[PDB]
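Written out below as structure tokens is the structure these notes cover.
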Amino acid sequence: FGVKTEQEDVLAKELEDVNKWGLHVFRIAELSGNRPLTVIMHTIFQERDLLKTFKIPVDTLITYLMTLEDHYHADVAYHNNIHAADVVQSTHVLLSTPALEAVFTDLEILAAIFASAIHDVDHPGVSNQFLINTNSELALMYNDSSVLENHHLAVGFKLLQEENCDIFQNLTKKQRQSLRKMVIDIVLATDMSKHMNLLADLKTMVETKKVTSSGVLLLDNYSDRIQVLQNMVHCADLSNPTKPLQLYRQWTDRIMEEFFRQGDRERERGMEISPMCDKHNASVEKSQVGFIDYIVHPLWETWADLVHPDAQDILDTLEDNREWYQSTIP
Ligand SMILES: COc1ccc(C2=NN(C3CCCCCC3)C(=O)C2(C)C)cc1OC1CCCC1
Ligand SMILES: [Mg+2]
Ligand SMILES: [Zn+2]
């Protein structure tokens, strides 16, 4: 023909939800033959007209996206291509918030989306502390400093050098240096060791926020523009408890599989078992409530303040999910 297969048609219909919080991302993964990152990135690039704006050849974009997706580990339950696709799509929705309308440049939008796509690539499904404590090659290469996040960046960039993978081949050197610095600043900010300082800075910005042209955020220096993008992708990375419960519970099952497997590797090696990694001493419900109360709600309450009232429904879903997990603490 020159028309979609029936499986491609069902995928195209699910992808009509790409602009919505609560996309059926697991169904997209199944329908695309485990290509959720490639199909969601391609959809977003076409929707935001990024191929025309950045003169990206479409065969190059698809080759890079398949290569990138292939470097996510299919044997890792959480930190895989489905999580990458979810953070991309969640960033895409946050960038579209009315409070940020016409704030960011096309290059900043490309930086936030590309950062989201690469931000966990080649994740081995164990923590930075695990890699440091095992004397792993990755921890030695990065001198024990944001080990995974340094690695995700290095892999995401190095894959541009594979055959027909250089999606930035038509950008000027000035565009490429600006894009590269923003992408590095965003992915390094996904290290949970940076969370308390990012949140402190987001609160300072909400406290002294200016809303110029009568409605929309004023961000007039790199420090403030990159802090908003860093917090936005960090919000997307920590968005699972803000999603409809059927999605949240799938993410909880996956992160607990990954954590319990790390705890099994710690226990078999006689290491201290990391927080929430002991399947024999586990309180999944209590852990989700503590995670929401100490990390996710303080972040999303502050984001919701920055973009008030755009994120009210997201904060309400988070609060409903928190009450649901509390109510099932045995
Ligand atoms: C759906 O539940 C979760 C989704 C993502 C996370 C994460 N947050 N973190 C931090 C790390 C610092 C030490 C403490 C862990 C939190 C991460 O490193 C990742 C990205 C894996 C956590 C999620 O929930 C887990 C299971 C129970 C509560 C934390
Ligand atoms: Mg990460
Ligand atoms: Zn992540």
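Residues: numbered from 1 along the sequence shown. The analysis underlying the following values was restricted to heavy atoms, covering all of them including side chains, and did not include hydrogens, waters or symmetry mates. In each ligand, atom 1 is the first atom listed, and ligand 1 is the first ligand listed.
In this structure, atom 22 (C) of ligand 1 lies nearest to the protein heavy atom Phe291 CZ, 3.5 Å. Scanning the protein for heavy atoms near atom 24 (O) of ligand 1, the closest one is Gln288 NE2, 3.2 Å. Summary of contacts: the protein heavy atom closest to atom 9 (N) of ligand 1 is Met192 CG, 3.7 Å. Here the heavy atom of the protein found nearest to atom 5 (C) of ligand 1 is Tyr78 OH, 3.7 Å.
The OD2 atom of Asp120, the Zn ion (ligand 3) and the OD1 atom of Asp237 define an angle of 170° (nearest 10 degrees).
In this structure, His123 has its ring center at least 6.0 angstrom away from the ring center of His73.
Counting heavy atoms from C-beta outward, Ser239 and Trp21 have side chains that approach closer than 4.5 Å. Using a 4.5 Å heavy-atom cutoff, the side chains of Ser274 and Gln262 are in contact. Between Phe157 and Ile184 the shortest side-chain heavy-atom distance falls below 4.5 Å.
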Could you walk me through whether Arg35 and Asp70 satisfy the salt bridge (charged side-chain N to carboxylate O under 4.0 Å, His left out) test, starting with their C-alpha distance in whole Å, then the side-chain angles of each, then the deciding distance to 0.1 Å, before giving a yes or no?
CA-CA 9 Å; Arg35 287 256 172 267; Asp70 284 348; 2.8 Å; yes
Checking salt bridge (charged side-chain N to carboxylate O under 4.0 Å, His left out) for the pair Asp49/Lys52: CA distance, chi angles, key distance, verdict?
CA-CA 6 Å; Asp49 207 23; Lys52 287 197 168 184; 5.3 Å; no
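No donor-acceptor distance shorter than 3.5 angstrom exists from the side chain of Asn34 to the backbone of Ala29, with no hydrogens or angles considered.
Listed by number with element, the atoms of ligand 1 under 4.0 angstrom from any heavy atom of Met276 are 14 (C), 15 (C), 27 (C), 28 (C), 29 (C). The distance from ligand 1 to the heavy atoms of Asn240 drops below 4.0 Å at these ligand atoms: 1 (C), 4 (C). Numbered from 1 in the order shown, with element, the atoms of ligand 1 that lie under 4.0 Å from a heavy atom of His79 read 20 (C), 21 (C). Distances below 4.0 Å separate heavy atoms of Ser287 from the following atoms of ligand 1: 27 (C), 28 (C).
Counting backbone and side-chain atoms alike, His79 contributes no N/O/S atom closer than 2.8 Å to the Zn ion (ligand 3). For the Mg ion (ligand 2), the set of nearby N, O or S atoms under 2.8 Å includes one belonging to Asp120. Distance check for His123 against the Zn ion (ligand 3): none of its N/O/S atoms falls below 2.8 Å.
Classified by interplanar angle (parallel below 30°, tilted 30° to 60°, perpendicular above 60°), the ring pair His234/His195 is tilted. Taking the six-membered ring for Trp and thresholds of 30 and 60 degrees, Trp251 and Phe26 have ring planes inclined between 30 and 60 degrees apart.
No hydrogens or angles considered: nothing links the side chains of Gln250 and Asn240 as a donor-acceptor pair under 3.5 Å.
Within the 4.0 Å heavy-atom shell around ligand 1 one finds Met256. Under the 4.0 angstrom criterion for non-hydrogen atoms, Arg254 is not in contact with ligand 1.
Within a 4.0 Å radius of atom 13 (C) of ligand 1, the protein has no heavy atom.
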